[PDB]
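The structure file coords11.cif is reproduced below (mmCIF, N, CA and C atoms).
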data_work
loop_
_atom_site.group_PDB
_atom_site.id
_atom_site.type_symbol
_atom_site.label_atom_id
_atom_site.label_comp_id
_atom_site.auth_asym_id
_atom_site.auth_seq_id
_atom_site.Cartn_x
_atom_site.Cartn_y
_atom_site.Cartn_z
ATOM 1 N N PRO H 1 10.430 9.876 9.546
ATOM 2 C CA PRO H 1 10.282 11.283 9.185
ATOM 3 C C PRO H 1 8.971 11.897 9.679
ATOM 4 N N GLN H 2 8.898 13.220 9.617
ATOM 5 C CA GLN H 2 7.664 13.981 9.741
ATOM 6 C C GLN H 2 7.304 14.492 8.350
ATOM 7 N N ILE H 3 6.069 14.219 7.919
ATOM 8 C CA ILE H 3 5.615 14.552 6.593
ATOM 9 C C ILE H 3 4.412 15.482 6.697
ATOM 10 N N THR H 4 4.535 16.671 6.125
ATOM 11 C CA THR H 4 3.398 17.596 6.043
ATOM 12 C C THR H 4 2.535 17.289 4.818
ATOM 13 N N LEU H 5 1.378 17.935 4.712
ATOM 14 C CA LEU H 5 0.359 17.467 3.732
ATOM 15 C C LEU H 5 0.027 18.520 2.664
ATOM 16 N N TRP H 6 0.925 19.497 2.478
ATOM 17 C CA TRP H 6 0.702 20.528 1.438
ATOM 18 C C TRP H 6 0.832 19.872 0.078
ATOM 19 N N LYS H 7 1.592 18.787 -0.014
ATOM 20 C CA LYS H 7 1.668 17.958 -1.231
ATOM 21 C C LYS H 7 1.193 16.551 -0.873
ATOM 22 N N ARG H 8 0.807 15.777 -1.879
ATOM 23 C CA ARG H 8 0.502 14.354 -1.630
ATOM 24 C C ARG H 8 1.675 13.631 -0.934
ATOM 25 N N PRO H 9 1.375 12.810 0.101
ATOM 26 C CA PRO H 9 2.451 12.090 0.822
ATOM 27 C C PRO H 9 2.933 10.871 0.057
ATOM 28 N N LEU H 10 3.589 11.132 -1.080
ATOM 29 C CA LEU H 10 4.118 10.079 -1.958
ATOM 30 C C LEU H 10 5.507 9.671 -1.497
ATOM 31 N N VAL H 11 5.736 8.374 -1.330
ATOM 32 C CA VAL H 11 7.053 7.866 -0.944
ATOM 33 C C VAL H 11 7.499 6.695 -1.778
ATOM 34 N N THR H 12 8.775 6.370 -1.729
ATOM 35 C CA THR H 12 9.282 5.214 -2.440
ATOM 36 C C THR H 12 9.139 3.990 -1.560
ATOM 37 N N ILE H 13 8.647 2.915 -2.163
ATOM 38 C CA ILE H 13 8.589 1.606 -1.533
ATOM 39 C C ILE H 13 9.378 0.579 -2.359
ATOM 40 N N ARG H 14 9.806 -0.516 -1.712
ATOM 41 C CA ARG H 14 10.360 -1.706 -2.366
ATOM 42 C C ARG H 14 9.442 -2.890 -2.097
ATOM 43 N N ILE H 15 9.082 -3.634 -3.143
ATOM 44 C CA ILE H 15 8.131 -4.750 -3.036
ATOM 45 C C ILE H 15 8.426 -5.730 -4.174
ATOM 46 N N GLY H 16 8.547 -7.016 -3.858
ATOM 47 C CA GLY H 16 8.960 -8.007 -4.871
ATOM 48 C C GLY H 16 10.333 -7.704 -5.487
ATOM 49 N N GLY H 17 11.147 -6.928 -4.775
ATOM 50 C CA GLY H 17 12.471 -6.519 -5.251
ATOM 51 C C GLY H 17 12.476 -5.362 -6.238
ATOM 52 N N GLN H 18 11.323 -4.715 -6.424
ATOM 53 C CA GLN H 18 11.157 -3.587 -7.346
ATOM 54 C C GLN H 18 10.729 -2.308 -6.614
ATOM 55 N N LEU H 19 11.266 -1.157 -7.039
ATOM 56 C CA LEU H 19 10.863 0.156 -6.526
ATOM 57 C C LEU H 19 9.569 0.674 -7.163
ATOM 58 N N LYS H 20 8.705 1.189 -6.304
ATOM 59 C CA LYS H 20 7.487 1.895 -6.719
ATOM 60 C C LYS H 20 7.233 3.182 -5.908
ATOM 61 N N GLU H 21 6.414 4.097 -6.421
ATOM 62 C CA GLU H 21 5.964 5.263 -5.653
ATOM 63 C C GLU H 21 4.553 4.939 -5.131
ATOM 64 N N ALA H 22 4.268 5.303 -3.890
ATOM 65 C CA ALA H 22 2.936 5.029 -3.299
ATOM 66 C C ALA H 22 2.553 6.111 -2.315
ATOM 67 N N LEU H 23 1.245 6.282 -2.161
ATOM 68 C CA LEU H 23 0.665 7.317 -1.346
ATOM 69 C C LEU H 23 0.425 6.758 0.045
ATOM 70 N N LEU H 24 0.933 7.417 1.078
ATOM 71 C CA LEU H 24 0.573 6.996 2.442
ATOM 72 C C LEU H 24 -0.826 7.434 2.756
ATOM 73 N N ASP H 25 -1.702 6.460 2.988
ATOM 74 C CA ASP H 25 -3.106 6.760 2.980
ATOM 75 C C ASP H 25 -3.834 6.286 4.269
ATOM 76 N N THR H 26 -4.006 7.228 5.210
ATOM 77 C CA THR H 26 -4.682 6.869 6.461
ATOM 78 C C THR H 26 -6.160 6.544 6.270
ATOM 79 N N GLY H 27 -6.735 6.899 5.112
ATOM 80 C CA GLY H 27 -8.115 6.541 4.808
ATOM 81 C C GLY H 27 -8.249 5.186 4.138
ATOM 82 N N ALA H 28 -7.146 4.431 4.038
ATOM 83 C CA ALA H 28 -7.229 3.086 3.416
ATOM 84 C C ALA H 28 -7.027 2.041 4.488
ATOM 85 N N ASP H 29 -7.945 1.081 4.589
ATOM 86 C CA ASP H 29 -7.704 -0.025 5.519
ATOM 87 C C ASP H 29 -6.509 -0.877 5.060
ATOM 88 N N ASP H 30 -6.421 -1.085 3.753
ATOM 89 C CA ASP H 30 -5.485 -2.008 3.093
ATOM 90 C C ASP H 30 -4.567 -1.340 2.147
ATOM 91 N N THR H 31 -3.547 -2.077 1.727
ATOM 92 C CA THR H 31 -2.524 -1.604 0.813
ATOM 93 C C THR H 31 -2.843 -2.156 -0.572
ATOM 94 N N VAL H 32 -2.900 -1.259 -1.556
ATOM 95 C CA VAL H 32 -3.353 -1.610 -2.891
ATOM 96 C C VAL H 32 -2.373 -1.069 -3.889
ATOM 97 N N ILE H 33 -1.809 -1.989 -4.688
ATOM 98 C CA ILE H 33 -0.760 -1.688 -5.632
ATOM 99 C C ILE H 33 -1.274 -2.009 -7.031
ATOM 100 N N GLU H 34 -0.841 -1.213 -7.994
ATOM 101 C CA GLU H 34 -1.155 -1.401 -9.411
ATOM 102 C C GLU H 34 -0.767 -2.812 -9.871
ATOM 103 N N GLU H 35 -1.372 -3.267 -10.973
ATOM 104 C CA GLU H 35 -1.069 -4.605 -11.509
ATOM 105 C C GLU H 35 0.443 -4.844 -11.667
ATOM 106 N N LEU H 36 0.861 -5.997 -11.176
ATOM 107 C CA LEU H 36 2.255 -6.452 -11.207
ATOM 108 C C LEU H 36 2.199 -7.918 -10.824
ATOM 109 N N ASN H 37 3.303 -8.632 -11.037
ATOM 110 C CA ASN H 37 3.408 -9.962 -10.474
ATOM 111 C C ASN H 37 4.144 -9.973 -9.164
ATOM 112 N N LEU H 38 3.620 -10.769 -8.249
ATOM 113 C CA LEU H 38 4.260 -11.002 -6.974
ATOM 114 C C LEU H 38 4.451 -12.471 -6.875
ATOM 115 N N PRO H 39 5.568 -12.894 -6.247
ATOM 116 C CA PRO H 39 5.798 -14.299 -5.880
ATOM 117 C C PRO H 39 4.809 -14.795 -4.810
ATOM 118 N N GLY H 40 4.326 -16.017 -5.001
ATOM 119 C CA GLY H 40 3.415 -16.652 -4.050
ATOM 120 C C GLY H 40 2.037 -16.821 -4.658
ATOM 121 N N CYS H 41 1.118 -17.389 -3.882
ATOM 122 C CA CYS H 41 -0.228 -17.594 -4.379
ATOM 123 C C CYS H 41 -1.030 -16.395 -3.901
ATOM 124 N N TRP H 42 -2.092 -16.117 -4.623
ATOM 125 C CA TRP H 42 -2.945 -15.010 -4.251
ATOM 126 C C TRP H 42 -4.360 -15.575 -4.235
ATOM 127 N N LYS H 43 -5.285 -14.849 -3.612
ATOM 128 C CA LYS H 43 -6.717 -15.166 -3.684
ATOM 129 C C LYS H 43 -7.555 -13.936 -4.128
ATOM 130 N N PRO H 44 -8.618 -14.155 -4.923
ATOM 131 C CA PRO H 44 -9.430 -13.015 -5.355
ATOM 132 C C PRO H 44 -10.266 -12.357 -4.241
ATOM 133 N N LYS H 45 -10.367 -11.026 -4.294
ATOM 134 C CA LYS H 45 -11.062 -10.262 -3.284
ATOM 135 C C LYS H 45 -11.698 -9.088 -4.026
ATOM 136 N N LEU H 46 -12.738 -8.502 -3.437
ATOM 137 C CA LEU H 46 -13.235 -7.204 -3.923
ATOM 138 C C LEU H 46 -13.071 -6.182 -2.817
ATOM 139 N N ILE H 47 -12.705 -4.951 -3.185
ATOM 140 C CA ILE H 47 -12.548 -3.842 -2.225
ATOM 141 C C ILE H 47 -13.201 -2.627 -2.833
ATOM 142 N N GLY H 48 -13.634 -1.718 -1.968
ATOM 143 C CA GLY H 48 -14.341 -0.533 -2.417
ATOM 144 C C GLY H 48 -13.732 0.761 -1.985
ATOM 145 N N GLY H 49 -13.965 1.744 -2.838
ATOM 146 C CA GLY H 49 -13.510 3.098 -2.635
ATOM 147 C C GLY H 49 -14.660 4.047 -2.920
ATOM 148 N N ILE H 50 -14.341 5.333 -2.959
ATOM 149 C CA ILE H 50 -15.324 6.375 -3.178
ATOM 150 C C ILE H 50 -16.137 6.088 -4.443
ATOM 151 N N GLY H 51 -15.498 5.496 -5.450
ATOM 152 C CA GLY H 51 -16.087 5.394 -6.790
ATOM 153 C C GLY H 51 -16.838 4.114 -7.080
ATOM 154 N N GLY H 52 -16.600 3.095 -6.262
ATOM 155 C CA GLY H 52 -17.188 1.786 -6.482
ATOM 156 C C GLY H 52 -16.206 0.722 -6.067
ATOM 157 N N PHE H 53 -16.493 -0.509 -6.456
ATOM 158 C CA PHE H 53 -15.708 -1.678 -6.127
ATOM 159 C C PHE H 53 -14.836 -2.120 -7.269
ATOM 160 N N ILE H 54 -13.656 -2.643 -6.932
ATOM 161 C CA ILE H 54 -12.775 -3.298 -7.908
ATOM 162 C C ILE H 54 -12.393 -4.679 -7.420
ATOM 163 N N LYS H 55 -12.037 -5.541 -8.356
ATOM 164 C CA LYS H 55 -11.502 -6.872 -8.087
ATOM 165 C C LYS H 55 -9.983 -6.770 -7.952
ATOM 166 N N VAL H 56 -9.445 -7.419 -6.931
ATOM 167 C CA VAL H 56 -7.985 -7.445 -6.708
ATOM 168 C C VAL H 56 -7.495 -8.861 -6.424
ATOM 169 N N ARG H 57 -6.175 -9.055 -6.522
ATOM 170 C CA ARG H 57 -5.476 -10.294 -6.093
ATOM 171 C C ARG H 57 -4.905 -10.037 -4.706
ATOM 172 N N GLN H 58 -5.282 -10.834 -3.716
ATOM 173 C CA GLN H 58 -4.740 -10.694 -2.373
ATOM 174 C C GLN H 58 -3.530 -11.589 -2.167
ATOM 175 N N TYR H 59 -2.394 -10.977 -1.844
ATOM 176 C CA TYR H 59 -1.191 -11.716 -1.456
ATOM 177 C C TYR H 59 -0.912 -11.460 0.028
ATOM 178 N N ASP H 60 -0.670 -12.512 0.810
ATOM 179 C CA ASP H 60 -0.380 -12.328 2.212
ATOM 180 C C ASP H 60 1.112 -12.444 2.515
ATOM 181 N N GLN H 61 1.509 -11.815 3.609
ATOM 182 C CA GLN H 61 2.819 -11.989 4.175
ATOM 183 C C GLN H 61 3.918 -11.589 3.171
ATOM 184 N N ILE H 62 3.694 -10.437 2.534
ATOM 185 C CA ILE H 62 4.630 -9.895 1.558
ATOM 186 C C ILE H 62 5.522 -8.836 2.227
ATOM 187 N N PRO H 63 6.848 -9.007 2.122
ATOM 188 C CA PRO H 63 7.721 -7.935 2.602
ATOM 189 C C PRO H 63 7.612 -6.672 1.759
ATOM 190 N N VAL H 64 7.445 -5.534 2.441
ATOM 191 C CA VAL H 64 7.393 -4.220 1.776
ATOM 192 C C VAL H 64 8.265 -3.279 2.588
ATOM 193 N N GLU H 65 9.196 -2.570 1.947
ATOM 194 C CA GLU H 65 10.003 -1.578 2.645
ATOM 195 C C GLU H 65 9.448 -0.195 2.261
ATOM 196 N N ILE H 66 9.118 0.616 3.260
ATOM 197 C CA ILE H 66 8.474 1.897 3.029
ATOM 198 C C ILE H 66 9.389 2.972 3.566
ATOM 199 N N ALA H 67 9.941 3.780 2.653
ATOM 200 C CA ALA H 67 10.924 4.794 3.072
ATOM 201 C C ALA H 67 12.003 4.219 4.032
ATOM 202 N N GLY H 68 12.496 3.015 3.754
ATOM 203 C CA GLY H 68 13.492 2.390 4.623
ATOM 204 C C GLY H 68 12.987 1.694 5.882
ATOM 205 N N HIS H 69 11.668 1.639 6.050
ATOM 206 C CA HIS H 69 11.110 0.936 7.198
ATOM 207 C C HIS H 69 10.436 -0.339 6.745
ATOM 208 N N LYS H 70 10.670 -1.431 7.459
ATOM 209 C CA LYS H 70 10.203 -2.737 7.011
ATOM 210 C C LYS H 70 8.821 -3.112 7.505
ATOM 211 N N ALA H 71 8.064 -3.720 6.607
ATOM 212 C CA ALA H 71 6.768 -4.264 6.957
ATOM 213 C C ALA H 71 6.677 -5.607 6.267
ATOM 214 N N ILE H 72 5.806 -6.463 6.785
ATOM 215 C CA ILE H 72 5.491 -7.734 6.110
ATOM 216 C C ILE H 72 4.026 -7.955 6.305
ATOM 217 N N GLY H 73 3.283 -7.884 5.222
ATOM 218 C CA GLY H 73 1.842 -7.985 5.354
ATOM 219 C C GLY H 73 1.111 -8.166 4.050
ATOM 220 N N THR H 74 -0.202 -7.964 4.117
ATOM 221 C CA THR H 74 -1.081 -8.190 2.980
ATOM 222 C C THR H 74 -0.975 -7.058 1.960
ATOM 223 N N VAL H 75 -0.843 -7.444 0.691
ATOM 224 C CA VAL H 75 -0.787 -6.468 -0.427
ATOM 225 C C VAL H 75 -1.856 -6.898 -1.404
ATOM 226 N N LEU H 76 -2.757 -6.003 -1.749
ATOM 227 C CA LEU H 76 -3.770 -6.253 -2.777
ATOM 228 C C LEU H 76 -3.291 -5.656 -4.081
ATOM 229 N N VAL H 77 -3.396 -6.426 -5.179
ATOM 230 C CA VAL H 77 -2.900 -5.999 -6.484
ATOM 231 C C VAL H 77 -4.055 -5.883 -7.451
ATOM 232 N N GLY H 78 -4.179 -4.739 -8.102
ATOM 233 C CA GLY H 78 -5.270 -4.577 -9.031
ATOM 234 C C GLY H 78 -5.353 -3.169 -9.547
ATOM 235 N N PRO H 79 -6.432 -2.855 -10.261
ATOM 236 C CA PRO H 79 -6.532 -1.613 -11.003
ATOM 237 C C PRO H 79 -6.892 -0.417 -10.148
ATOM 238 N N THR H 80 -6.039 -0.176 -9.159
ATOM 239 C CA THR H 80 -6.172 1.049 -8.372
ATOM 240 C C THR H 80 -5.627 2.273 -9.153
ATOM 241 N N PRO H 81 -6.235 3.464 -8.998
ATOM 242 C CA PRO H 81 -5.718 4.689 -9.671
ATOM 243 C C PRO H 81 -4.330 5.126 -9.260
ATOM 244 N N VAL H 82 -3.982 4.848 -8.001
ATOM 245 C CA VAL H 82 -2.730 5.261 -7.383
ATOM 246 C C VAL H 82 -2.263 4.091 -6.458
ATOM 247 N N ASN H 83 -0.953 3.785 -6.384
ATOM 248 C CA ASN H 83 -0.477 2.836 -5.343
ATOM 249 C C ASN H 83 -0.698 3.435 -3.970
ATOM 250 N N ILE H 84 -1.316 2.660 -3.072
ATOM 251 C CA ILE H 84 -1.613 3.229 -1.732
ATOM 252 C C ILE H 84 -1.160 2.290 -0.645
ATOM 253 N N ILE H 85 -0.473 2.864 0.326
ATOM 254 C CA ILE H 85 -0.093 2.148 1.556
ATOM 255 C C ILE H 85 -1.164 2.447 2.608
ATOM 256 N N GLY H 86 -1.858 1.406 3.063
ATOM 257 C CA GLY H 86 -2.961 1.597 3.986
ATOM 258 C C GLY H 86 -2.558 1.246 5.418
ATOM 259 N N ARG H 87 -3.560 1.259 6.293
ATOM 260 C CA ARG H 87 -3.299 1.122 7.735
ATOM 261 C C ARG H 87 -2.689 -0.216 8.075
ATOM 262 N N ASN H 88 -2.961 -1.265 7.301
ATOM 263 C CA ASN H 88 -2.398 -2.580 7.676
ATOM 264 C C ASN H 88 -0.860 -2.521 7.706
ATOM 265 N N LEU H 89 -0.234 -1.699 6.845
ATOM 266 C CA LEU H 89 1.233 -1.553 6.881
ATOM 267 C C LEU H 89 1.680 -0.290 7.615
ATOM 268 N N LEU H 90 0.873 0.775 7.615
ATOM 269 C CA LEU H 90 1.270 1.975 8.334
ATOM 270 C C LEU H 90 1.422 1.676 9.807
ATOM 271 N N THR H 91 0.577 0.811 10.372
ATOM 272 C CA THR H 91 0.735 0.453 11.811
ATOM 273 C C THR H 91 2.068 -0.259 12.030
ATOM 274 N N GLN H 92 2.493 -1.056 11.045
ATOM 275 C CA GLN H 92 3.727 -1.867 11.198
ATOM 276 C C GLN H 92 4.960 -0.981 11.254
ATOM 277 N N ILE H 93 4.913 0.186 10.610
ATOM 278 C CA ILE H 93 6.055 1.111 10.641
ATOM 279 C C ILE H 93 5.876 2.189 11.721
ATOM 280 N N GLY H 94 4.830 2.082 12.538
ATOM 281 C CA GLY H 94 4.600 2.990 13.647
ATOM 282 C C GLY H 94 4.155 4.389 13.210
ATOM 283 N N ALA H 95 3.485 4.489 12.056
ATOM 284 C CA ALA H 95 3.034 5.808 11.607
ATOM 285 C C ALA H 95 1.790 6.280 12.393
ATOM 286 N N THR H 96 1.791 7.557 12.764
ATOM 287 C CA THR H 96 0.664 8.180 13.434
ATOM 288 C C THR H 96 0.370 9.497 12.706
ATOM 289 N N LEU H 97 -0.849 9.973 12.909
ATOM 290 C CA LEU H 97 -1.277 11.341 12.597
ATOM 291 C C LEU H 97 -1.104 12.187 13.841
ATOM 292 N N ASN H 98 -0.600 13.406 13.658
ATOM 293 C CA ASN H 98 -0.417 14.316 14.777
ATOM 294 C C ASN H 98 -0.839 15.722 14.412
ATOM 295 N N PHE H 99 -1.506 16.390 15.351
ATOM 296 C CA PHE H 99 -1.858 17.802 15.194
ATOM 297 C C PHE H 99 -2.092 18.438 16.516
#
Could you write out this structure as structure tokens?
Amino acid sequence: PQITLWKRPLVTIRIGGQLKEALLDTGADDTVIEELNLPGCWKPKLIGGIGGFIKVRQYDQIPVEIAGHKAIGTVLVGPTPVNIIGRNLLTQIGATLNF
């Protein structure tokens, strides 16, 4: 699709077999999802945003479907304010910015 930015670019994703809403975020290096359980082992990581740093669980090689497009990559799980799809998965679905 082509998505304009007059509203937040919120889309439906599938991850761990569950539906979630997430923000397509070109300002995020990584994909960060609210607390949930994912299958597999994870490792602890810290990541930072405008407000400071948070602790997250890093899961690798996780299938994520974004608006019907498939990705398989790293998902960080933790106390993010909003679920965000970052560049590590946006590149996998061929998303670009255009103007």
Nearest residue to residue 87 of chain H out of H:23, H:28, H:71, H:11, using only C-alpha atoms?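 Closest to residue 87 of chain H, using only C-alpha atoms: H:28.
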What is the atom CA of residue 18 of chain H to atom CA of residue 44 of chain H distance in Å?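 Distance between the two atoms: 22.7 Å.
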Which residues fall under the PyMOL selection byres (((chain H and resi 49 and name CA) around 12) and name CA) in this file, as a list in words? residues 27, 28, 29, 30, 32, 46, 47, 48, 50, 51, 52, 53, 54, 55, 79, 80, 81, 82 and 84 of chain H
Nearest-residue call for residue 99 of chain H, choices H:15, H:75, H:3, H:66, using only C-alpha atoms: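 Checking each candidate against residue 99 of chain H, we get H:3 as the closest.
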Please give the complete set of residues from chain H that DSSP, run on the backbone, assigns to strand (DSSP E or B), formatted as JSON, numbers by chain. {"H": [10, 11, 12, 13, 14, 15, 18, 19, 20, 21, 22, 23, 24, 32, 33, 43, 44, 45, 46, 47, 48, 49, 52, 53, 54, 55, 56, 57, 58, 59, 60, 61, 62, 63, 64, 65, 66, 69, 70, 71, 72, 73, 74, 75, 76, 77, 84, 85]}
Among listed residues H:2, H:16, H:21, H:57, nearest residue 39 of chain H (using only N, CA and C atoms):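 Distance minimum relative to residue 39 of chain H lands on H:16.
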Excluding residue 42 of chain H and its own-chain neighbours fewer than 3 positions away, which residues fall within 12 Å of it when counting only C-alpha atoms? Please give them as a list in words.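 That gives residues 37, 38, 39, 45, 56, 57, 58, 59, 60, 61, 62, 74, 75, 76, 77 and 78 of chain H.
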In Å, how far is it from atom CA of residue 13 of chain H to atom C of residue 98 of chain H?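 Distance reported for this atom pair: 23.3 Å.
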Taking the block just given, write segment 74-93 of chain H to a file that holds C-alpha atoms, as a PDB file, in the first residue's frame.
ATOM      1  CA  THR H  74      14.528  -9.678  15.560  1.00  0.00           C
ATOM      2  CA  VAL H  75      11.682  -8.593  17.880  1.00  0.00           C
ATOM      3  CA  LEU H  76      12.403  -6.810  21.162  1.00  0.00           C
ATOM      4  CA  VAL H  77       9.756  -7.270  23.873  1.00  0.00           C
ATOM      5  CA  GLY H  78       9.337  -4.862  26.728  1.00  0.00           C
ATOM      6  CA  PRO H  79       7.670  -1.803  28.187  1.00  0.00           C
ATOM      7  CA  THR H  80       7.426   0.285  25.070  1.00  0.00           C
ATOM      8  CA  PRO H  81       4.583   2.942  25.007  1.00  0.00           C
ATOM      9  CA  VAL H  82       3.425   1.798  21.567  1.00  0.00           C
ATOM     10  CA  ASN H  83       4.174  -1.386  19.464  1.00  0.00           C
ATOM     11  CA  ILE H  84       6.622  -0.249  16.782  1.00  0.00           C
ATOM     12  CA  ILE H  85       7.834  -1.857  13.582  1.00  0.00           C
ATOM     13  CA  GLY H  86      11.342  -0.552  12.933  1.00  0.00           C
ATOM     14  CA  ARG H  87      13.759  -0.576  10.009  1.00  0.00           C
ATOM     15  CA  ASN H  88      15.000  -4.123  10.642  1.00  0.00           C
ATOM     16  CA  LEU H  89      11.571  -5.403   9.427  1.00  0.00           C
ATOM     17  CA  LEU H  90      10.497  -2.475   7.230  1.00  0.00           C
ATOM     18  CA  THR H  91      13.442  -3.255   4.904  1.00  0.00           C
ATOM     19  CA  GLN H  92      12.255  -6.897   4.709  1.00  0.00           C
ATOM     20  CA  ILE H  93       8.849  -5.824   3.353  1.00  0.00           C
TER      21      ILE H  93
END
